[PDB]
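A.B. asks: Have a look at this one before I ask anything.
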Amino acid sequence: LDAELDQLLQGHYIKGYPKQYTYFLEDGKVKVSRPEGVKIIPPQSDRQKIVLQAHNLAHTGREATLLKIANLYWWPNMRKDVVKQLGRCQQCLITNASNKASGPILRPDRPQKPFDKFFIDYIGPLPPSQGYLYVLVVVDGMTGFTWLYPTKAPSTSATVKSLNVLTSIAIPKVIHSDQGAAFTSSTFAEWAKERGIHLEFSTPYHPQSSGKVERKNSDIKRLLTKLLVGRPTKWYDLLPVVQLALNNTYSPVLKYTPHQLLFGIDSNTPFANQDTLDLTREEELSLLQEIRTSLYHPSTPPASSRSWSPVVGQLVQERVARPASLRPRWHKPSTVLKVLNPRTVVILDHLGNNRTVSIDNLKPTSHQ
Amino acid sequence: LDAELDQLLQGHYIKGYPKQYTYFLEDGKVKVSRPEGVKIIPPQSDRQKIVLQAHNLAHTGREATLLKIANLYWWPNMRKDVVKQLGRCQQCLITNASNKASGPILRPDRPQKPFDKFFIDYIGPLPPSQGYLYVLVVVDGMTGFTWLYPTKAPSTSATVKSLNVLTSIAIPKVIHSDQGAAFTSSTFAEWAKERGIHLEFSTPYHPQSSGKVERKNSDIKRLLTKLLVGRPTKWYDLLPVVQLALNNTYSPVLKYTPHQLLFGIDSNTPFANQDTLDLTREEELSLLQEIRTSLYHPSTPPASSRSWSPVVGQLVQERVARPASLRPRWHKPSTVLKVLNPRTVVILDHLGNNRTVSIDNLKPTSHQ
Amino acid sequence: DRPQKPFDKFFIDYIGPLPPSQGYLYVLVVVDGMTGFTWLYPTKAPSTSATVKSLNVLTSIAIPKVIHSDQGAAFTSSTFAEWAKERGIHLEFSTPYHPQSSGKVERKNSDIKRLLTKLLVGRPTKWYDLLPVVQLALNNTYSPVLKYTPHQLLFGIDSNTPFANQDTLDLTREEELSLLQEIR
Amino acid sequence: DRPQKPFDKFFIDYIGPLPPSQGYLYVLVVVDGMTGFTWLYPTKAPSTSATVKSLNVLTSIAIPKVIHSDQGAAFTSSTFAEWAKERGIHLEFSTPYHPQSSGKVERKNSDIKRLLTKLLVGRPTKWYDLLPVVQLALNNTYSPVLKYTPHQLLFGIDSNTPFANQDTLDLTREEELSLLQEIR
DNA sequence: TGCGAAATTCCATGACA
DNA sequence: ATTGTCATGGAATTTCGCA
DNA sequence: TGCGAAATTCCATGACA
DNA sequence: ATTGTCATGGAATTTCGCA
Ligand SMILES: O=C1c2c(ccc(O)c2O)CN1Cc1cccc(Cl)c1F
Ligand SMILES: O=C1c2c(ccc(O)c2O)CN1Cc1cccc(Cl)c1F
Ligand SMILES: [Mg+2]
Ligand SMILES: [Mg+2]
Ligand SMILES: [Mg+2]
Ligand SMILES: [Mg+2]
Ligand SMILES: [Mg+2]
Ligand SMILES: [Mg+2]
Ligand SMILES: [N+]
Ligand SMILES: [N+]
Ligand SMILES: [Zn+2]
Ligand SMILES: [Zn+2]
């Protein structure tokens with residue numbers, strides 16, 4: 001108010017208003033002659049309303065708001081008040097984009113053994129082939145060995161059917177999947193408890209987390225496409241072929257095929273490797289154990305020059321999953337309860353629940 | 001054939017087969033004792049068939065194919081024959097991904113004057129508001145000044161309606177648009193010739209080329225979203241508001257609003273800048289001409305470490321636009337007729353036509 | 001006193017009734033005081049409501065500090081005053097029976113009536129479609145008192161449509177003949 | 001001569017007819033010669049066609065160099081020979097009336113019949129659903145001659161389902177009682 | 001103990017929709 | 001309560017064949 | 001002729017679907 | 001016959017106020 005501004009019009013020094021400028025009166029308003037021209041100094045009790053009117057014109061950020069205000073006013077530390085408003089504009093906070101990138105991705109260790117961890121997923125809908133529309137893909141984490149099953153839907157019932165056939169071979173310690181309807185059902189839960197299999201889920205809307213199997217999907221679609229060039233897309237009869245072809249393909253970085261990492265010896269397929277012809281099986285299995293433990297493993301890449309990593313108690317916002325036309329892309333702010341690892345957090349969510357989410361589906365809330 | 005392989009079994013030196021290895025016979029086949037073990041040396045007349053069978057197992061690239069062959073054979077310069085096959089596999093060439101990035105983007109000069117160049121586009125479908133579903137967006141290249149019109153469809157007829165109203169203000173030299181149905185129609189062509197307006201089109205499927213207006217779309221959707229927070233999405237009545245709000249918003253890098261770049265003086269809007277209060281109009285227009293010519297202009301960023309730039313006569317492939325499920329993502333190879341600029345080419349296309357396409361919708365054909 | 005600027009003052013007025021054209025009967029006429037730039041809007045009536053609808057289009061491009069009008073009904077209504085106040089536009093009326101503008105504006109307004117008259121003869125029904133071409137004409141017309149057209153003073157640049165054949169704007173023998181026939 | 005390996009030789013054979021279960025009547029039995037690993041496939045008939053359908057599933061996981069069988073119709077058909085030739089699998093027949101395998105295989109095949117018999121009593125109709133659990137049992141069963149189970153020899157690792165209670169595999173008093181009743 | 005060429009390894013690119 | 005992946009083909013680097 | 005703080009400029013991020 | 005763009009908010013840098 002006029003408290004400070006009275007005390008100024010005479011010529012006493014108030015902290016923040018630099019002494020070397022002349023602060024007069026005119027038209028009933030305190031003014032000042034600043035290099036850029038003459039500007040009104042409003043009373044402190046007017047300042048928030050001003051910053052707010054300027055910000056609301058087009059819901060602009062720090063500079064674009066300041067330049068509007070600067071047109072008519074000066075006062076000390078304008079941007080501090082501007083930023084105060086930006087931090088409280090519900091509408092800006094939930095609609096604006098982030099400009100900080102996620103921290104560098106983790107490269108989890110490879111499962112130590114075949115059957116320690118299965119990654120599973122559906123591809124589809126594909127063009128109908130014999131009344132089939134999807135493929136269940138099951139990928140052993142350690143070996144890359146992959147099983148394919150054609151289904152009529154990405155349903156729990158068809159998942160259970162196919163895995164009953166698969167697990168006739170071995171039972172896996174863990175099965176990791178995303179949060180598809182087929183995997184999160186209680187039926188599937190029961191099906192797994194019945195066998196002492198642990199169900200592991202990806203954070204929601206984050207397929208990188210099923211990267212092992214997602215990546216194998218690419219190879220499956222790619223080979224299927226090539227085999228189908230200038231033919232009708234009858235893929236059902238090619239699943240078996242694509243399966244065997246891929247399980248027996250070399251990985252240039254590893255120098256092994258998934259079949260070899262699984263069995264330690266080629267079967268009767270074309271170009272079968274014969275290097276262990278003179279070893280006993282037991283010597284062979286010895287060599288396999290060795291090969292398994294020394295496979296190349298990548299490491300987290302450098303962080304980008306403007307990433308953020310979550311701190312306990314920080315205000316962060318979850319990305320809205322399927323945002324309606326003309327609706328905000330972000331949820332209201334929420335707090336980081338726990339930091340599970342540098343790329344995964346638990347938050348106290350938009351209702352009042354605990355949610356485990358990927359850092360890729362969060363931004364840090366701006367202006368604190 | 002056995003020509004060279006006879007001449008070898010005795011012990012004479014053939015170019016390519018190193019002398020220090022022992023080349024025997026066994027089971028009716030030429031063999032050799034290589035550090036990795038004993039491998040068959042097939043006759044030259046068998047080699048292509050072998051490379052082909054190995055490649056076809058899963059349509060693998062250079063190394064993953066070589067490792068299959070190496071399992072049973074050795075001969076001199078295996079990879080040369082492998083690469084020869086990869087270059088002829090129709091199926092691999094049109095299905096595989098590229099691994100070379102485009103050259104660095106161009107930053108075309110800003111139009112010199114208001115009305116030299118309009119960039120136009122449709123946003124929508126939006127939620128229906130008064131029976132309206134789209135917005136025609138028209139953006140002046142030089143100033144950023146934007147006009148908005150609500151329409152019932154992205155049609156030629158509604159484009160013509162809106163531009164008749166707009167061009168009551170001025171007629172533009174050029175109107176740049178993408179290849180939407182509404183802009184490529186002969187009716188629209190005629191509508192423009194009637195006024196001595198030149199129609200300029202983006203390369204197909206390359207919205208970056210309309211970047212000026214695409215980018216303005218973002219701001220329009222963003223402000224509309226904020227103004228609609230917890231209200232029904234009744235956007236029709238907000239067009240006028242969003243228009244005026246955006247035309248009068250500062251660009252932090254430029255330090256001017258589009259309205260100022262257009263008129264050189266603010267109108268009676270909030271926070272109107274008053275710096276030229278004492279200038280005559282003519283002095284003002286003098287200052288505007290100055291401000292216009294000295295605006296910040298960005299420059300092409302550094303090339304990525306693995307980009308390609310098109311050379312006349314090169315084999316390149318156009319990306320299929322809307323590729324069906326399980327169908328290739330690339331067209332057959334074609335030849336670069338002319339290099340319009342480093343990011344734009346004319347090619348002799350997949351039928352037999354000339355096409356002007358963006359380097360972003362091409363890969364260079366692999367293995368020459 | 002500070003020099004005159006664009007957006008300082010808009011002068012508005014109705015012209016009509018005219019023969020119907022695509023359903024319309026009137027032209028709201030807006031002329032910028034400083035530049036002489038003209039905007040024209042077709043309306044169905046000289047009402048506050050039609051005025052507001054039209055000025056809402058214009059004022060989403062630029063807002064005048066002052067609107068000047070005569071004491072037409074549409075302009076003196078308290079709805080129209082509420083509108084103007086909402087946008088911080090001051091209203092300004094010439095005293096009844098005594099219209100006063102500025103010479104520039106007077107002259108501009110004159111040209112507008114003449115150029116209309118000229119094109120409604122022969123096609124008295126097809127003017128709605130012609131309003132665009134009329135405005136470009138008026139705004140690329142050279143002003144004797146200033147060295148410059150309104151386009152030039154508004155935008156500070158030459159125009160891609162110069163109207164180099166400063167027109168007749170005058171009724172020929174065949175037009176006086178079928179205008180004294182149509183209005184008889 | 002080189003040491004024996006997995007995939008060197010698969011021994012195949014039919015078991016049935018059995019009481020219908022989900023429409024099925026037979027079990028195709030595949031046993032790896034080196035490891036003693038067992039795969040079981042349920043079929044509707046001992047036909048070439050059912051054999052091919054089933055072996056197509058298995059051979060999309062691993063392909064044997066040799067298939068050994070008796071002179072069953074399904075295995076001596078020229079369709080079955082065409083199939084095998086297409087996949088580079090050599091066929092091998094024991095002379096009629098004189099079945100010969102290997103002791104390991106003989107013993108494995110024995111366990112298979114016994115363990116089946118044991119579970120079809122009480123639920124002679126519910127075996128289709130049980131084939132998974134049976135295979136895991138057979139493949140995690142310890143072999144006296146080798147230090148190792150077939151799971152271990154196939155994959156070179158311990159199994160998440162060890163079958164630590166080496167079973168009875170023997171018919172109790174209440175089972176001999178309702179098996180000599182059901183088959184009477 | 002060094003050269004030219006081949007073989008191997010490196011790694012940015014892009015797609016799992 | 002969880003976490004990216006890896007075929008690909010030019011280019012960079014190392015190894016091979018010979019002296 | 002140099003300090004501490006404020007003001008300005010820089011610029012990677014991401015969305016135009 | 002053509003071609004990316006620019007609001008955003010932390011951080012890096014420069015300028016201001018004072019001595
Ligand atoms: O595969 C799926 C998938 C998706 C949504 C829901 C599901 O249930 C899925 O399985 C998206 N998606 C493709 C995809 C897009 C981008 C990055 C990666 Cl890594 C990727 F895999
Ligand atoms: O706006 C359009 C648009 C599209 C397809 C056909 C049209 O006619 C369009 O107008 C896609 N698109 C969004 C978009 C995606 C990615 C980059 C940029 Cl720059 C971008 F603008
Ligand atoms: Mg999924
Ligand atoms: Mg997936
Ligand atoms: Mg478009
Ligand atoms: Mg667009
Ligand atoms: Mg009047
Ligand atoms: Mg038999
Ligand atoms: N890990
Ligand atoms: N340019
Ligand atoms: Zn806001
Ligand atoms: Zn191929």
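FYI, nothing fancy with the structure tokens labels: chains A, B, ... in order, residues from 1 per chain, ligands from 1 as they appear.
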How would you report the residues lying within 8 Å of ligand 12, as a PyMOL selection string, if you count only C-alpha atoms (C1' of nucleotides) and all ligand atoms?
C.D. replies: (chain A and resi 226) or (chain B and resi 55-56+58-61+86+89-93)
A.B. asks: Which residues come within 8 Å of range 11-19 of chain H, counting only C-alpha atoms (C1' of nucleotides), excluding same-chain residues fewer than 4 positions away, as a list in words?
C.D. replies: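 These residues fall inside the cut-off: residues 18 of chain A; 6, 7, 8, 9 and 10 of chain G.
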A.B. asks: Taking only residues of chain F that have an atom at most 8 Å from an atom of chain B, what is each one's shortest atom pair and its distance in Å to one decimal, using only C-alpha atoms (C1' of nucleotides), in chain and number order, as JSON lines?
C.D. replies:
{"residue": "F:7", "atom": "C1'", "partner": "B:61", "partner_atom": "CA", "distance": 7.8}
{"residue": "F:8", "atom": "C1'", "partner": "B:61", "partner_atom": "CA", "distance": 6.7}
{"residue": "F:9", "atom": "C1'", "partner": "B:99", "partner_atom": "CA", "distance": 7.5}
{"residue": "F:17", "atom": "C1'", "partner": "B:18", "partner_atom": "CA", "distance": 7.1}
A.B. asks: Using only N, CA, C and O atoms (P, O5', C5', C4', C3', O3' and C1' of nucleotides), please write the residues we just selected to a file, as a PDB file, in the first residue's frame.
C.D. replies:
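Result written to part-v6.pdb:
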ATOM      1  P    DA F   7      19.697 -59.233 -31.963  1.00  0.00           P
ATOM      2  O5'  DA F   7      19.474 -58.985 -33.513  1.00  0.00           O
ATOM      3  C5'  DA F   7      18.232 -59.368 -34.128  1.00  0.00           C
ATOM      4  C4'  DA F   7      17.981 -58.526 -35.359  1.00  0.00           C
ATOM      5  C3'  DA F   7      19.013 -58.656 -36.472  1.00  0.00           C
ATOM      6  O3'  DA F   7      18.250 -58.511 -37.671  1.00  0.00           O
ATOM      7  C1'  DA F   7      18.988 -56.419 -35.686  1.00  0.00           C
ATOM      8  P    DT F   8      18.918 -58.601 -39.091  1.00  0.00           P
ATOM      9  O5'  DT F   8      19.540 -57.148 -39.266  1.00  0.00           O
ATOM     10  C5'  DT F   8      18.818 -56.100 -39.916  1.00  0.00           C
ATOM     11  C4'  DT F   8      19.678 -54.862 -39.968  1.00  0.00           C
ATOM     12  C3'  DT F   8      20.984 -55.027 -40.726  1.00  0.00           C
ATOM     13  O3'  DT F   8      20.770 -54.797 -42.125  1.00  0.00           O
ATOM     14  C1'  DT F   8      21.175 -53.584 -38.805  1.00  0.00           C
ATOM     15  P    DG F   9      21.888 -55.239 -43.218  1.00  0.00           P
ATOM     16  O5'  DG F   9      22.666 -53.855 -43.365  1.00  0.00           O
ATOM     17  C5'  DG F   9      22.023 -52.571 -43.476  1.00  0.00           C
ATOM     18  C4'  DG F   9      23.105 -51.513 -43.494  1.00  0.00           C
ATOM     19  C3'  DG F   9      24.285 -51.824 -44.414  1.00  0.00           C
ATOM     20  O3'  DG F   9      25.018 -50.647 -44.755  1.00  0.00           O
ATOM     21  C1'  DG F   9      25.028 -51.898 -42.187  1.00  0.00           C
ATOM     22  P    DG F  17      45.535 -66.058 -41.943  1.00  0.00           P
ATOM     23  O5'  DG F  17      46.542 -65.751 -43.133  1.00  0.00           O
ATOM     24  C5'  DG F  17      46.091 -65.103 -44.338  1.00  0.00           C
ATOM     25  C4'  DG F  17      47.271 -64.474 -45.043  1.00  0.00           C
ATOM     26  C3'  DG F  17      48.521 -65.357 -45.134  1.00  0.00           C
ATOM     27  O3'  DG F  17      48.807 -65.509 -46.519  1.00  0.00           O
ATOM     28  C1'  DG F  17      49.080 -63.159 -44.403  1.00  0.00           C
TER      29       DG F  17
END
A.B. asks: Quick check for you: according to DSSP on this backbone, which residues of range 10-57 of chain C are classed as strand (DSSP E or B)? Reply as a compact mmCIF listing (two decimals) with N, CA, C and O atoms, in the first residue's frame.
C.D. replies:
# COMPACT_ATOMS: atom_id res chain seq x y z
N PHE C 10 -12.34 4.77 -34.23
CA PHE C 10 -13.03 4.17 -35.38
C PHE C 10 -14.32 4.94 -35.59
O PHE C 10 -14.99 5.28 -34.63
N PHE C 11 -14.67 5.21 -36.83
CA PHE C 11 -15.93 5.89 -37.14
C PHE C 11 -16.80 4.83 -37.76
O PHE C 11 -16.41 4.16 -38.73
N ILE C 12 -17.97 4.65 -37.18
CA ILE C 12 -18.89 3.61 -37.65
C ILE C 12 -20.22 4.19 -38.13
O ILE C 12 -20.67 5.26 -37.66
N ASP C 13 -20.86 3.51 -39.08
CA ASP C 13 -22.14 3.99 -39.55
C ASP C 13 -22.82 2.96 -40.40
O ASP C 13 -22.15 2.13 -40.99
N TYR C 14 -24.15 3.02 -40.46
CA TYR C 14 -24.92 2.13 -41.33
C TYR C 14 -25.22 2.74 -42.69
O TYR C 14 -25.35 3.95 -42.80
N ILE C 15 -25.29 1.89 -43.70
CA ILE C 15 -25.72 2.25 -45.03
C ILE C 15 -26.78 1.24 -45.42
O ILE C 15 -26.53 0.03 -45.34
N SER C 21 -29.31 -9.13 -50.64
CA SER C 21 -28.24 -9.90 -51.28
C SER C 21 -27.83 -11.01 -50.33
O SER C 21 -27.44 -10.72 -49.19
N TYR C 24 -28.95 -10.35 -46.93
CA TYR C 24 -28.49 -9.15 -46.21
C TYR C 24 -29.04 -7.86 -46.79
O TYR C 24 -29.32 -7.80 -47.99
N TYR C 26 -27.94 -4.38 -45.20
CA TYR C 26 -27.19 -3.21 -44.73
C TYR C 26 -25.68 -3.43 -44.70
O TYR C 26 -25.19 -4.56 -44.78
N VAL C 27 -24.93 -2.35 -44.60
CA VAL C 27 -23.50 -2.44 -44.49
C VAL C 27 -23.13 -1.59 -43.31
O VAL C 27 -23.44 -0.41 -43.27
N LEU C 28 -22.51 -2.22 -42.32
CA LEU C 28 -21.89 -1.48 -41.24
C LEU C 28 -20.53 -1.03 -41.76
O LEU C 28 -19.79 -1.82 -42.33
N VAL C 29 -20.23 0.25 -41.59
CA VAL C 29 -19.04 0.86 -42.16
C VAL C 29 -18.14 1.31 -41.01
O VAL C 29 -18.57 2.10 -40.14
N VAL C 30 -16.91 0.80 -41.00
CA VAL C 30 -15.93 1.17 -39.98
C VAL C 30 -14.77 1.74 -40.73
O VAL C 30 -14.30 1.15 -41.72
N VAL C 31 -14.32 2.90 -40.27
CA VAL C 31 -13.22 3.60 -40.91
C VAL C 31 -12.30 4.10 -39.82
O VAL C 31 -12.73 4.86 -38.90
N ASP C 32 -11.04 3.68 -39.92
CA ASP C 32 -10.02 4.17 -39.01
C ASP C 32 -9.67 5.65 -39.27
O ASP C 32 -9.42 6.04 -40.42
N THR C 38 -10.76 1.01 -44.21
CA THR C 38 -12.18 0.72 -44.13
C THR C 38 -12.39 -0.76 -43.92
O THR C 38 -11.79 -1.59 -44.62
N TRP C 39 -13.26 -1.09 -42.95
CA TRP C 39 -13.86 -2.41 -42.87
C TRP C 39 -15.34 -2.30 -43.11
O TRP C 39 -15.99 -1.39 -42.56
N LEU C 40 -15.87 -3.23 -43.90
CA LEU C 40 -17.30 -3.34 -44.16
C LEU C 40 -17.94 -4.67 -43.68
O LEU C 40 -17.44 -5.75 -43.99
N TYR C 41 -19.04 -4.61 -42.93
CA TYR C 41 -19.76 -5.84 -42.53
C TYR C 41 -21.20 -5.77 -42.97
O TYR C 41 -21.88 -4.77 -42.73
N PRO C 42 -21.66 -6.82 -43.65
CA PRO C 42 -23.06 -6.91 -44.07
C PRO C 42 -23.95 -7.36 -42.90
O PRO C 42 -23.59 -8.31 -42.20
N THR C 43 -25.08 -6.69 -42.67
CA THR C 43 -26.02 -7.10 -41.63
C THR C 43 -27.48 -7.23 -42.14
O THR C 43 -27.80 -6.82 -43.27
A.B. asks: Find the residue from B:168, B:365, B:186, B:65 that sits nearest to chain C; use only C-alpha atoms when measuring.
C.D. replies: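 Of all the options, B:168 lies closest to chain C.
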A.B. asks: Which residues, written as an MDAnalysis selection string, have at least one atom at most 9 Å from range 136-152 of chain D, with only C-alpha atoms (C1' of nucleotides) counted and residues fewer than 2 positions away on the same chain left out?
C.D. replies: (chainID A and resid 167:171) or (chainID D and resid 32 34:38 104 108 111:112 115 131:134 154:159 161:164 166)
A.B. asks: Now that the selection is made, can you save its residues with N, CA, C and O atoms as a tab-separated table (two decimals), in the first residue's frame?
C.D. replies:
chain	number	residue	atom	x	y	z
A	167	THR	N	4.21	-74.70	-20.17
A	167	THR	CA	4.76	-75.10	-18.87
A	167	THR	C	4.81	-76.61	-18.62
A	167	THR	O	5.34	-77.05	-17.60
A	168	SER	N	4.26	-77.40	-19.55
A	168	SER	CA	4.59	-78.81	-19.67
A	168	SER	C	6.07	-79.00	-19.87
A	168	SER	O	6.55	-80.12	-19.66
A	169	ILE	N	6.79	-77.97	-20.32
A	169	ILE	CA	8.24	-78.13	-20.56
A	169	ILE	C	9.02	-77.78	-19.29
A	169	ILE	O	9.86	-78.57	-18.84
A	170	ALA	N	8.71	-76.63	-18.70
A	170	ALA	CA	9.29	-76.23	-17.44
A	170	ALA	C	8.39	-75.17	-16.86
A	170	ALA	O	7.55	-74.61	-17.56
A	171	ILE	N	8.56	-74.90	-15.57
A	171	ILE	CA	7.82	-73.85	-14.90
A	171	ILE	C	8.80	-72.73	-14.61
A	171	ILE	O	9.91	-73.01	-14.20
D	32	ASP	N	13.50	-88.28	-25.88
D	32	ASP	CA	14.86	-88.07	-26.34
D	32	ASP	C	15.82	-89.15	-25.83
D	32	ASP	O	15.84	-89.47	-24.63
D	34	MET	N	19.25	-89.53	-25.66
D	34	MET	CA	20.34	-89.15	-24.78
D	34	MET	C	19.85	-88.73	-23.38
D	34	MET	O	20.33	-89.24	-22.38
D	35	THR	N	18.88	-87.83	-23.33
D	35	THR	CA	18.50	-87.19	-22.07
D	35	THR	C	17.36	-87.92	-21.36
D	35	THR	O	17.18	-87.76	-20.15
D	36	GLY	N	16.54	-88.64	-22.12
D	36	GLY	CA	15.31	-89.22	-21.58
D	36	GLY	C	14.17	-88.21	-21.38
D	36	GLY	O	13.18	-88.50	-20.68
D	37	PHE	N	14.30	-87.02	-21.98
D	37	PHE	CA	13.25	-86.02	-21.91
D	37	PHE	C	12.02	-86.54	-22.64
D	37	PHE	O	12.12	-87.18	-23.71
D	38	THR	N	10.85	-86.31	-22.05
D	38	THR	CA	9.61	-86.80	-22.63
D	38	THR	C	8.74	-85.65	-23.06
D	38	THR	O	8.54	-84.70	-22.27
D	104	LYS	N	17.52	-97.23	-21.11
D	104	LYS	CA	17.06	-95.93	-20.60
D	104	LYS	C	15.65	-95.63	-21.11
D	104	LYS	O	14.70	-95.46	-20.31
D	108	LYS	N	12.15	-95.57	-19.27
D	108	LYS	CA	11.33	-94.36	-19.34
D	108	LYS	C	9.91	-94.69	-19.79
D	108	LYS	O	8.94	-94.32	-19.12
D	111	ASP	N	7.85	-96.28	-17.09
D	111	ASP	CA	7.34	-95.29	-16.11
D	111	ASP	C	6.11	-94.56	-16.63
D	111	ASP	O	5.17	-94.26	-15.87
D	112	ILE	N	6.15	-94.24	-17.93
D	112	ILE	CA	5.08	-93.47	-18.55
D	112	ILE	C	3.75	-94.22	-18.42
D	112	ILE	O	2.77	-93.65	-17.92
D	115	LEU	N	2.67	-94.48	-14.63
D	115	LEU	CA	2.19	-93.21	-14.09
D	115	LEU	C	0.83	-92.80	-14.68
D	115	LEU	O	-0.03	-92.28	-13.98
D	131	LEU	N	-1.88	-84.11	-18.52
D	131	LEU	CA	-0.65	-84.33	-19.27
D	131	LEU	C	0.49	-83.35	-18.92
D	131	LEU	O	1.62	-83.78	-18.75
D	132	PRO	N	0.20	-82.04	-18.77
D	132	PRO	CA	1.30	-81.16	-18.30
D	132	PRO	C	2.01	-81.69	-17.03
D	132	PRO	O	3.25	-81.89	-17.02
D	133	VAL	N	1.23	-81.93	-15.97
D	133	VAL	CA	1.82	-82.26	-14.68
D	133	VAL	C	2.61	-83.58	-14.77
D	133	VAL	O	3.67	-83.73	-14.14
D	134	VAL	N	2.12	-84.50	-15.61
D	134	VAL	CA	2.79	-85.78	-15.84
D	134	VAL	C	4.17	-85.62	-16.45
D	134	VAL	O	5.12	-86.24	-15.99
D	154	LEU	N	19.00	-81.60	-20.43
D	154	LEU	CA	18.51	-80.89	-21.59
D	154	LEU	C	18.94	-79.42	-21.48
D	154	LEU	O	19.52	-78.87	-22.41
D	155	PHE	N	18.66	-78.82	-20.33
D	155	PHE	CA	18.90	-77.40	-20.12
D	155	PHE	C	20.16	-77.02	-19.34
D	155	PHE	O	20.45	-75.83	-19.22
D	156	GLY	N	20.86	-78.00	-18.77
D	156	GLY	CA	22.05	-77.76	-17.95
D	156	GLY	C	21.85	-76.88	-16.72
D	156	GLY	O	22.72	-76.05	-16.40
D	157	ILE	N	20.70	-77.03	-16.05
D	157	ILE	CA	20.37	-76.24	-14.86
D	157	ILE	C	19.36	-77.02	-14.03
D	157	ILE	O	18.65	-77.88	-14.55
D	158	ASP	N	19.30	-76.71	-12.73
D	158	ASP	CA	18.25	-77.24	-11.88
D	158	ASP	C	16.90	-76.68	-12.32
D	158	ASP	O	16.83	-75.75	-13.11
D	159	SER	N	15.83	-77.26	-11.80
D	159	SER	CA	14.51	-76.94	-12.25
D	159	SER	C	13.78	-76.27	-11.10
D	159	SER	O	13.98	-76.64	-9.97
D	161	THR	N	10.79	-76.85	-10.52
D	161	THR	CA	9.91	-77.86	-9.94
D	161	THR	C	10.68	-79.16	-9.77
D	161	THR	O	10.70	-79.99	-10.69
D	162	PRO	N	11.37	-79.33	-8.62
D	162	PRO	CA	12.03	-80.63	-8.38
D	162	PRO	C	10.99	-81.58	-7.81
D	162	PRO	O	10.07	-81.12	-7.13
D	163	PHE	N	11.06	-82.86	-8.12
D	163	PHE	CA	10.05	-83.76	-7.57
D	163	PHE	C	10.70	-84.63	-6.50
D	163	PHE	O	10.98	-85.82	-6.72
D	164	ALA	N	10.92	-83.98	-5.36
D	164	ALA	CA	11.74	-84.47	-4.25
D	164	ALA	C	11.18	-85.73	-3.56
D	164	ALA	O	11.96	-86.54	-3.06
D	166	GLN	N	10.21	-88.70	-4.70
D	166	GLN	CA	10.23	-89.83	-5.63
D	166	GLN	C	9.04	-90.72	-5.26
D	166	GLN	O	8.99	-91.27	-4.16
A.B. asks: Can you work out which residues from chain C touch chain B at a cut-off of 6 Å (counting only C-alpha atoms) and hand them back as an MDAnalysis selection string?
C.D. replies: chainID C and resid 2:3 7 60 62:65 132 155:156
A.B. asks: Can you tell me which residues come within 9 Å of ligand 1 when counting only C-alpha atoms (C1' of nucleotides) and all ligand atoms, ideally as an NGL selection string?
C.D. replies: (:A and (121-124 or 177-181 or 205-215 or 217-218)) or (:E and (15-17)) or (:F and (4-5))
A.B. asks: Could you tell me how far CA of residue 199 in chain B sits from CA of residue 129 in chain C, in Å to one decimal place?
C.D. replies: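 Calculated distance between CA of residue 129 in chain C and CA of residue 199 in chain B is 22.6 Å.
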A.B. asks: With a cut-off of 9 Å and counting only C-alpha atoms, select all residues of chain B in contact with chain A and give the selection as a PyMOL selection string.
C.D. replies: chain B and resi 36-37+53-54+57-60+63-65+67-72+91-92+94-96+125-127+221-229+233+242+245-246+248-252+255+270-275+325-328
A.B. asks: List every residue of range 107-140 of chain D that DSSP, applied to the backbone of this structure, places in helix (DSSP H, G or I), and write the result as a PyMOL selection string.
C.D. replies: chain D and resi 107-120+128-139
